[PDB]
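S.K.: To start, I am sharing the structure in question, which I have written as structure tokens.
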Amino acid sequence: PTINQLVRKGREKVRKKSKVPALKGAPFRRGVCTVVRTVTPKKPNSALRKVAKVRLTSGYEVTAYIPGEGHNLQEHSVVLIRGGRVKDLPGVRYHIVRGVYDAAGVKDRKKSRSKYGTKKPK
Amino acid sequence: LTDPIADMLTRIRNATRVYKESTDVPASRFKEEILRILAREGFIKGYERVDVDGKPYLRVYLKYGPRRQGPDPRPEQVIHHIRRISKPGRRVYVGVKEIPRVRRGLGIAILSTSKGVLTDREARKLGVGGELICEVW
RNA sequence: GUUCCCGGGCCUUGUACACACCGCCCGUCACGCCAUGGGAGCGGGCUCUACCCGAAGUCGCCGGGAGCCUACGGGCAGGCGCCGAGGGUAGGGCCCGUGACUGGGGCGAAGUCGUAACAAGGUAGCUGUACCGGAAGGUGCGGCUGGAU
RNA sequence: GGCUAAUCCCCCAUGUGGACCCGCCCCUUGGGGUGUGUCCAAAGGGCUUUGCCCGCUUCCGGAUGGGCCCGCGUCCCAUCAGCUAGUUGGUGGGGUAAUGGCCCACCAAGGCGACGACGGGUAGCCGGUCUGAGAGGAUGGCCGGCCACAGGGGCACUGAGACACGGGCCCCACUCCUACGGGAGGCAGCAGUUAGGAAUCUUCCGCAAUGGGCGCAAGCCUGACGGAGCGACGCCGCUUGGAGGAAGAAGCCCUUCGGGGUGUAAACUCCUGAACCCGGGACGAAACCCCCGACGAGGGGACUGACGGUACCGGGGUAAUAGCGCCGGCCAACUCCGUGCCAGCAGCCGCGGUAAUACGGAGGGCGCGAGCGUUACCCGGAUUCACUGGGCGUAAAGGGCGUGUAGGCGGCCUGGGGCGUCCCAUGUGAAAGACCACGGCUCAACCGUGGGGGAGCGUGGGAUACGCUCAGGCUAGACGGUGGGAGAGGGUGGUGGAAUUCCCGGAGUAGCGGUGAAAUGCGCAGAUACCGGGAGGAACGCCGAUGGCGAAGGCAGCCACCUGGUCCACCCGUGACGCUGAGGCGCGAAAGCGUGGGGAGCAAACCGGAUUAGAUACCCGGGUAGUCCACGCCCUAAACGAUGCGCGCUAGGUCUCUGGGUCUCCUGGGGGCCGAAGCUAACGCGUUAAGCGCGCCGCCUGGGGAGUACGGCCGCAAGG
Ligand SMILES: [Mg+2]
Ligand SMILES: [Mg+2]
Ligand SMILES: [Mg+2]
Ligand SMILES: [Mg+2]
Ligand SMILES: [Mg+2]
Ligand SMILES: [Mg+2]
Ligand SMILES: [Mg+2]
Ligand SMILES: [Mg+2]
Ligand SMILES: [Mg+2]
Ligand SMILES: [Mg+2]
Ligand SMILES: [Mg+2]
Ligand SMILES: [Mg+2]
Ligand SMILES: [Mg+2]
Ligand SMILES: [Mg+2]
Ligand SMILES: [Mg+2]
Ligand SMILES: [Mg+2]
Ligand SMILES: [Mg+2]
Ligand SMILES: [Mg+2]
Ligand SMILES: [Mg+2]
Ligand SMILES: [Mg+2]
Ligand SMILES: [Mg+2]
Ligand SMILES: [Mg+2]
Ligand SMILES: [Mg+2]
Ligand SMILES: [Mg+2]
Ligand SMILES: [Mg+2]
Ligand SMILES: [Mg+2]
Ligand SMILES: [Mg+2]
Ligand SMILES: [Mg+2]
Ligand SMILES: [Mg+2]
Ligand SMILES: [Mg+2]
Ligand SMILES: [Mg+2]
Ligand SMILES: [Mg+2]
Ligand SMILES: [Mg+2]
Ligand SMILES: [Mg+2]
Ligand SMILES: [Mg+2]
Ligand SMILES: [Mg+2]
Ligand SMILES: [Mg+2]
Ligand SMILES: [Mg+2]
Ligand SMILES: [Mg+2]
Ligand SMILES: [Mg+2]
Ligand SMILES: [Mg+2]
Ligand SMILES: [Mg+2]
Ligand SMILES: [Mg+2]
Ligand SMILES: [Mg+2]
Ligand SMILES: [Mg+2]
Ligand SMILES: [Mg+2]
Ligand SMILES: [Mg+2]
Ligand SMILES: [Mg+2]
Ligand SMILES: [Mg+2]
Ligand SMILES: [Mg+2]
Ligand SMILES: [Mg+2]
Ligand SMILES: [Mg+2]
Ligand SMILES: [Mg+2]
Ligand SMILES: [Mg+2]
Ligand SMILES: [Mg+2]
Ligand SMILES: [Mg+2]
Ligand SMILES: [Mg+2]
Ligand SMILES: [Mg+2]
Ligand SMILES: [Mg+2]
Ligand SMILES: [Mg+2]
Ligand SMILES: [Mg+2]
Ligand SMILES: [Mg+2]
Ligand SMILES: [Mg+2]
Ligand SMILES: [Mg+2]
Ligand SMILES: [Mg+2]
Ligand SMILES: [Mg+2]
Ligand SMILES: [Mg+2]
Ligand SMILES: [Mg+2]
Ligand SMILES: [Mg+2]
Ligand SMILES: [Mg+2]
Ligand SMILES: [Mg+2]
Ligand SMILES: [Mg+2]
Ligand SMILES: [Mg+2]
Ligand SMILES: [Mg+2]
Ligand SMILES: [Mg+2]
Ligand SMILES: [Mg+2]
Ligand SMILES: [Mg+2]
Ligand SMILES: [Mg+2]
Ligand SMILES: [Mg+2]
Ligand SMILES: [Mg+2]
Ligand SMILES: [Mg+2]
Ligand SMILES: [Mg+2]
Ligand SMILES: [Mg+2]
Ligand SMILES: [Mg+2]
Ligand SMILES: [Mg+2]
Ligand SMILES: [Mg+2]
Ligand SMILES: [Mg+2]
Ligand SMILES: [Mg+2]
Ligand SMILES: [Mg+2]
Ligand SMILES: [Mg+2]
Ligand SMILES: [Mg+2]
Ligand SMILES: [Mg+2]
Ligand SMILES: [Mg+2]
Ligand SMILES: [Mg+2]
Ligand SMILES: [Mg+2]
Ligand SMILES: [Mg+2]
Ligand SMILES: [Mg+2]
Ligand SMILES: [Mg+2]
Ligand SMILES: [Mg+2]
Ligand SMILES: [Mg+2]
Ligand SMILES: [Mg+2]
Ligand SMILES: [Mg+2]
Ligand SMILES: [Mg+2]
Ligand SMILES: [Mg+2]
Ligand SMILES: [Mg+2]
Ligand SMILES: [Mg+2]
Ligand SMILES: [Mg+2]
Ligand SMILES: [Mg+2]
Ligand SMILES: [Mg+2]
Ligand SMILES: [Mg+2]
Ligand SMILES: [Mg+2]
Ligand SMILES: [Mg+2]
Ligand SMILES: [Mg+2]
Ligand SMILES: [Mg+2]
Ligand SMILES: [Mg+2]
Ligand SMILES: [Mg+2]
Ligand SMILES: [Mg+2]
Ligand SMILES: [Mg+2]
Ligand SMILES: [Mg+2]
Ligand SMILES: [Mg+2]
Ligand SMILES: [Mg+2]
Ligand SMILES: [Mg+2]
Ligand SMILES: [Mg+2]
Ligand SMILES: [Mg+2]
Ligand SMILES: [Mg+2]
Ligand SMILES: [Mg+2]
Ligand SMILES: [Mg+2]
Ligand SMILES: [Mg+2]
Ligand SMILES: [Mg+2]
Ligand SMILES: [Mg+2]
Ligand SMILES: [Mg+2]
Ligand SMILES: [Mg+2]
Ligand SMILES: [Mg+2]
Ligand SMILES: [Mg+2]
Ligand SMILES: [Mg+2]
């Protein structure tokens with residue numbers, strides 16, 4: 005632009021766009037599973053990824069991930085979620101926190117147990 | 002034509018990039034004051050008021066370095082750099098305290114002050130500020 | 001004899017191919033997931049206007065067929081009046097949530113149909129517009145080269 | 001209903017003084033002074049008692065705390081563009097401490113807005129905090145300042161002060177208690193309960209200190225405050241020991257089975273002594289008061305500690321918690337097994353399909369350490385909104401072209417002013433925080449003392465170069481005269497011939513047409529091919545060009561009229577009159593639309609024939625809109641040089657068009673090619689810049705969704 009143009013129009017400080025809308029300001033959000041199931045991921049991978057359909061306390065009803073081997077979640081299970089998509093599972097933009105509420109930690113994990121809600125074994 | 006000074010500095014910058022002996026600029030008491038500093042600080046040999054087809058100009062005698070050995074014989078410049086600061090578009094003034102040091106001392110900054118055209122050094126000695134006309138090295 | 005069919009050598013030209021033309025790639029139709037527009041309407045928020053009614057309270061008038069106090073050319077009680085929180089009637093404005101159904105959109109994919117584009121892509125391509133066709137598209141008119149030879 | 005006191009209310013008196021109206025002087029917005037008139041004061045109590053102490057009254061000054069007013073600064077949406085009836089001003093009154101439409105009556109027709117009014121959204125603002133090299137960005141919790149509010153609203157009363165959190169009246173919503181007749185409440189005080197939430201504390205101790213209120217003083221009140229409790233929430237200090245101790249135990253991991261590793265690590269030896277046990281035990285607190293003196297100056301006296309039997313000081317004394325993330329590249333740390341595109345990992349690129357350092361475990365290793373990781377958000381990296389500090393030929397990006405409004409910007413010389421600008425002197429810029437030094441807690445975190453500033457604004461004085469303004473000159477920019485030139489530049493009106501088609505006369509016979517080859521089609525009802533006549537419409541062959549003209553779209557036979565731009569020479573006239581250009585206004589290829597004409601050729605749609613798997617196409621035969629004319633719409637484009645306009649500067653060769661000269665050639669103005677310097681990611685650009693520079697405008701900010709939706713304006717519709 006010209007200097008004049010800057011005086012007249014100024015530069016435009018463009019806003020940030022939240023990648024965790026359902027969280028609505030919060031670090032975490034509690035919710036309840038309506039639908040628990042497995043869904044096949046996109047190219048170039050194949051699996052049965054574990055997901056929960058959760059109705060939040062913030063009013064949003066979103067699709068959350070169930071990290072780890074095995075779980076106990078079923079319908080009506082209460083759950084806490086945190087941010088973070090699962091790159092390959094489109095529509096999934098949140099993660100369920102293991103070791104919170106009706107979500108038990110992983111059975112038999114020995115490595116990196118905070119990330120999977122597992123107590124320190126004897 | 003909207004800027005005499007910017008035209009002036011530019012008439013030179015083109016002339017030095019192809020090593021002309023001189024080049025002429027349309028005359029002004031303000032250009033004489035700037036060429037004066039440009040004379041004394043030794044970026045040019047000097048200048049003289051000539052006349053072209055009935056019209057007043059200033060002929061400016063350019064100054065360069067020595068021939069060089071190598072593929073590019075072209076001698077080093079004396080005015081490596083010359084460019085307006087304050088412009089009609091955006092006037093630029095500095096108080097004494099924020100007067101700049103061009104190129105860690107090895108260059109100059111020309112000024113228009115209420116005491117006359119002065120360099121970064123001079124202005125600091127006299128203690129005055131002014132419109133920062135340009136910078137040279 | 002080297003035009004034609006297969007294979008190869010050298011120079012050159014186009015390319016969106018490099019998994020290298022047994023390359024790439026376009027749109028409909030079928031299925032599933034997500035978001036969005038429209039939609040008889042339904043529900044909520046805020047707001048504006050006109051008028052009816054109107055508490056407390058200030059202020060103004062009266063204070064007499066008339067009470068109490070006198071400090072009686074007075075005061076208080078008491079009466080009336082204006083504005084007035086808000087309640088009520090009626091019609092408007094912006095926004096939000098939602099709705100049988102509907103329009104295309106994103107993604108998914110191992111589906112169906114054709115092969116429009118990239119080589120002169122086998123009718124050079126793209127283009128605004130217009131009419132038409134299951135779909136990519138075709139054709140008319142004018143335009144561009146970002147078109148091989 | 002009845003009595004009673006006072007520092008409770010009222011009348012008279014005194015008038016230092018004050019208030020008010022009228023007059024004069026000074027001043028200069030209602031400030032100071034004075035004269036006539038008028039109005040206004042008051043309270044006692046207590047001791048040691050013809051004397052002091054707490055209080056009372058009127059007035060002036062001070063100090064402190066406020067009210068009101070002005071200049072400047074303060075976020076997002078223009079898809080909110082026009083807003084306003086107490087509205088804007090005047091007059092007269094009401095009201096207050098006081099100005100004022102603050103309020104009322106009357107009078108005038110005004111006030112505000114692209115320098116963003118009105119409207120919608122969001123937020124209490126600042127000192128500061130965080131980040132950042134800075135500029136800037138983000139933010140306003142704690143702490144200090146100001147504001148606003150006290151269940152939701154309205155209102156006043158008492159008062160120096162409130163329209164009053166723990167005061168009042170009313171209305172509403174809500175909850176409660178009841179003896180069922182009625183009445184009460186307001187935690188956004190300190191704790192505490194509940195609800196919501198991912199989430200945020202003890203119904204503690206104390207007036208000892210600091211401070212506040214009442215009081216002569218004692219003293220009383222103080223959930224302010226001083227401390228205590230809980231929470232790794234944060235920062236800081238500290239611990240889980242130190243020295244010795246094998247060519248090196250077992251176990252576990254790896255191995256070529258020789259061995260490598262955990263590892264001085266452990267064991268074990270000596271040394272120290274967190275925790276805990278005993279004794280001492282604070283600083284914080286000397287004032288008020290009492291005493292002599294004088295209830296003062298000064299000197300002396302005693303009482304007072306919630307935290308706390310705590311910190312700390314001294315003696316004794318136990319080897320005394322370690323966890324968490326990571327080891328494909330970024331990025332520091334690698335091996336074995338298990339799995340077999342499964343299970344799973346994932347910030348990005350990517351891992352997993354039988355030898356995975358990337359998944360799960362183990363060994364080993366790397367990083368931190370009462371912590372480590374994760375999620376969320378803020379700045380940084382992002383010169384990725386670019387002021388510092390970016391871009392637009394082909395990557396995202398020049399408006400289709402003009403003309404012009406506001407605005408931004410402007411040639412050479414001289415003077416006045418001194419607005420911007422620079423300097424000096426001064427006031428303000430509180431405290432905490434930041435920074436530098438020092439010092440106190442054993443250090444540190446924390447805290448104390450001092451030091452150094454700044455912008456920015458108020459005032460006084462100075463400076464005059466540049467930008468500003470005013471004034472007076474100039475001719476280099478710009479326009480004009482005079483005289484000429486080239487051109488498909490534009491509008492109107494005419495008119496020429498070539499050719500296609502149809503019709504008419506002639507003459508003539510068996511095919512013509514078309515494609516790759518064919519068919520459809522036309523033809524003995526006489527086609528094609530040929531000669532003559534006629535009708536009508538559209539487009540202009542050769543000239544013609546790598547040409548000319550126009551701002552762009554675009555403009556081509558010829559003739560006349562009307563009209564625009566533009567170049568040249570003379571250097572005659574005006575004297576900066578200039579450049580650009582948000583809005584606005586006009587022009588704007590084709591197609592398309594409206595009303596009316598016209599319709600020869602061509603030809604979307606459509607029909608038929610071929611091709612083909614199909615052929616809603618390409619090829620062939622037909623054919624309607626339309627293509628043409630007038631008037632009025634639409635306003636789009638690969639509207640292109642994918643290159644906004646103007647000006648100045650920076651080698652040349654060559655080809656061409658068009659003026660002028662001293663006609664070899666020189667000089668202007670346009671149109672191409674190659675190239676200096678330079679630019680460029682490269683391709684390429686290069687005096688027709690895409691080079692070096694200035695001014696103003698338009699535009700870009702990852703692909704798709706999408707030139708879509710919604711809103712808005714425009715259009716007959718299409719649609720812009
Ligand atoms: Mg719930
Ligand atoms: Mg895979
Ligand atoms: Mg359950
Ligand atoms: Mg994340
Ligand atoms: Mg892991
Ligand atoms: Mg600058
Ligand atoms: Mg061959
Ligand atoms: Mg060969
Ligand atoms: Mg080849
Ligand atoms: Mg193929
Ligand atoms: Mg809807
Ligand atoms: Mg709707
Ligand atoms: Mg409704
Ligand atoms: Mg409604
Ligand atoms: Mg009514
Ligand atoms: Mg009323
Ligand atoms: Mg009476
Ligand atoms: Mg009354
Ligand atoms: Mg009302
Ligand atoms: Mg109402
Ligand atoms: Mg009511
Ligand atoms: Mg819907
Ligand atoms: Mg739908
Ligand atoms: Mg749908
Ligand atoms: Mg094709
Ligand atoms: Mg083709
Ligand atoms: Mg094609
Ligand atoms: Mg087309
Ligand atoms: Mg069909
Ligand atoms: Mg067709
Ligand atoms: Mg064109
Ligand atoms: Mg008595
Ligand atoms: Mg009296
Ligand atoms: Mg705006
Ligand atoms: Mg008003
Ligand atoms: Mg009135
Ligand atoms: Mg709001
Ligand atoms: Mg708020
Ligand atoms: Mg930076
Ligand atoms: Mg804030
Ligand atoms: Mg906060
Ligand atoms: Mg505060
Ligand atoms: Mg309130
Ligand atoms: Mg409440
Ligand atoms: Mg209330
Ligand atoms: Mg209230
Ligand atoms: Mg009082
Ligand atoms: Mg008051
Ligand atoms: Mg109160
Ligand atoms: Mg109150
Ligand atoms: Mg208040
Ligand atoms: Mg309260
Ligand atoms: Mg009760
Ligand atoms: Mg009762
Ligand atoms: Mg009652
Ligand atoms: Mg209570
Ligand atoms: Mg809860
Ligand atoms: Mg609590
Ligand atoms: Mg606390
Ligand atoms: Mg106290
Ligand atoms: Mg006292
Ligand atoms: Mg008490
Ligand atoms: Mg207490
Ligand atoms: Mg406290
Ligand atoms: Mg050994
Ligand atoms: Mg060893
Ligand atoms: Mg061993
Ligand atoms: Mg060994
Ligand atoms: Mg050791
Ligand atoms: Mg003490
Ligand atoms: Mg011992
Ligand atoms: Mg780490
Ligand atoms: Mg690192
Ligand atoms: Mg490494
Ligand atoms: Mg398995
Ligand atoms: Mg393996
Ligand atoms: Mg990894
Ligand atoms: Mg591993
Ligand atoms: Mg620590
Ligand atoms: Mg943390
Ligand atoms: Mg960032
Ligand atoms: Mg930045
Ligand atoms: Mg810039
Ligand atoms: Mg850039
Ligand atoms: Mg253009
Ligand atoms: Mg336009
Ligand atoms: Mg213009
Ligand atoms: Mg102007
Ligand atoms: Mg100006
Ligand atoms: Mg000037
Ligand atoms: Mg001047
Ligand atoms: Mg000045
Ligand atoms: Mg200062
Ligand atoms: Mg300070
Ligand atoms: Mg120290
Ligand atoms: Mg500083
Ligand atoms: Mg002067
Ligand atoms: Mg003048
Ligand atoms: Mg001239
Ligand atoms: Mg005939
Ligand atoms: Mg016959
Ligand atoms: Mg004939
Ligand atoms: Mg031209
Ligand atoms: Mg002249
Ligand atoms: Mg315009
Ligand atoms: Mg048009
Ligand atoms: Mg047309
Ligand atoms: Mg039509
Ligand atoms: Mg028509
Ligand atoms: Mg017609
Ligand atoms: Mg057909
Ligand atoms: Mg057919
Ligand atoms: Mg056909
Ligand atoms: Mg045809
Ligand atoms: Mg029609
Ligand atoms: Mg048409
Ligand atoms: Mg072109
Ligand atoms: Mg052009
Ligand atoms: Mg364009
Ligand atoms: Mg482009
Ligand atoms: Mg422009
Ligand atoms: Mg430009
Ligand atoms: Mg010539
Ligand atoms: Mg000539
Ligand atoms: Mg030329
Ligand atoms: Mg040409
Ligand atoms: Mg070139
Ligand atoms: Mg070169
Ligand atoms: Mg040339
Ligand atoms: Mg460029
Ligand atoms: Mg995006
Ligand atoms: Mg996008
Ligand atoms: Mg549109
Ligand atoms: Mg369009
Ligand atoms: Mg619309």
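So the sequence lines, in the order shown, correspond to chains 1l and 1h. In terms of PDB author numbering, the first sequence opens at residue 5 and continues consecutively. In terms of PDB author numbering, the second sequence opens at residue 2 and continues consecutively. Ideal Cβ placement from N, Cα and C applies to all residues, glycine included.
(1) DSSP on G14 (chain 1l), reduced to helix/strand/coil?
(2) Using the Cα positions of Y65 (chain 1h) and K98 (chain 1h), report the straight-line distance between them to the nearest angstrom.
(3) Quick one: what does DSSP say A51 (chain 1l) is sitting in, helix, strand or coil?
(4) Would the region 12-28 of chain 1l and the region 64-73 of chain 1l be scored as touching if the rule is three or more Cβ pairs under 8 angstroms?
(5) Would you check if the distance between the CB atom of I38 (chain 1h) and the CB atom of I83 (chain 1h) is smaller than 8 angstroms?
(6) As a quick exercise: from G87 (chain 1l), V18 (chain 1l), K115 (chain 1l), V96 (chain 1l), pick the residue whose alpha carbon is nearest that of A56 (chain 1l).
(7) For residue 198 (chain 1h), does the three-state DSSP call read helix, strand or coil?
(8) In whole angstroms, give me the CA-to-CA distance for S50 (chain 1l) and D92 (chain 1l).
(9) CA-CA distance, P76 (chain 1h) and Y48 (chain 1h)?
(10) Could you give the first and the last residue of the continuous beta strand (DSSP E) run that contains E136 (chain 1h)?
(11) Would you say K54 (chain 1l) and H75 (chain 1l) are within 8 angstroms of each other, going by their C-beta atoms?
(12) Rounded to whole angstroms, what's the CA-CA distance from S113 (chain 1h) to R104 (chain 1h)? Just pull it up for me.
(13) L107 (chain 1h) bridges to which residues according to DSSP?
(14) Is the distance from the Cβ of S87 (chain 1h) to the Cβ of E136 (chain 1h) below 8 angstroms?
(15) For the putative contact between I45 (chain 1h) and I134 (chain 1h), defined by C-beta atoms under 8 angstroms, what is the C-beta separation to the nearest angstrom?
(16) Between the C-alpha atoms of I7 (chain 1l) and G90 (chain 1h), what's the straight-line distance to the nearest angstrom?
(17) Taking the beta strand (DSSP E) that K46 (chain 1h) falls in, what are its first and last residues?
M.R.: Concretely, from the data shown:
(1) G14 (chain 1l) falls in the coil class under three-state DSSP.
(2) For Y65 (chain 1h) and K98 (chain 1h), the distance between alpha carbons rounds to 34 angstroms.
(3) DSSP, reduced to helix, strand and coil, places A51 (chain 1l) outside both helices and strands of the structure shown, so it counts as coil.
(4) Yes, the region 12-28 of chain 1l touches the region 64-73 of chain 1l.
(5) No, the Cβ-Cβ distance between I38 (chain 1h) and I83 (chain 1h) is not below 8 angstroms.
(6) The option with the nearest alpha carbon to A56 (chain 1l) is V96 (chain 1l).
(7) Past the boundaries of the shown model lies residue 198 (chain 1h); chain 1h is included only from 2 to 138, so the question cannot be answered.
(8) Taking the straight line from one Cα to the other gives about 10 angstroms.
(9) Whole-angstrom Cα-Cα distance: 22 angstroms.
(10) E136 (chain 1h) -> beta strand (DSSP E) spans 131-137.
(11) Yes; because the gap between Cβ atoms is below 8 angstroms, this pair is in contact.
(12) Taking C-alpha positions only, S113 (chain 1h) is separated from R104 (chain 1h) by approximately 20 angstroms.
(13) Listed as beta-bridge partners of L107 (chain 1h) by DSSP are no residues whatsoever.
(14) No.
(15) Contact flag wrong, Cβ pair sits at about 16 angstroms.
(16) Between the C-alpha atoms of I7 (chain 1l) and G90 (chain 1h) there is a straight-line separation of about 7 angstroms.
(17) Element bounds for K46 (chain 1h): 45-53.
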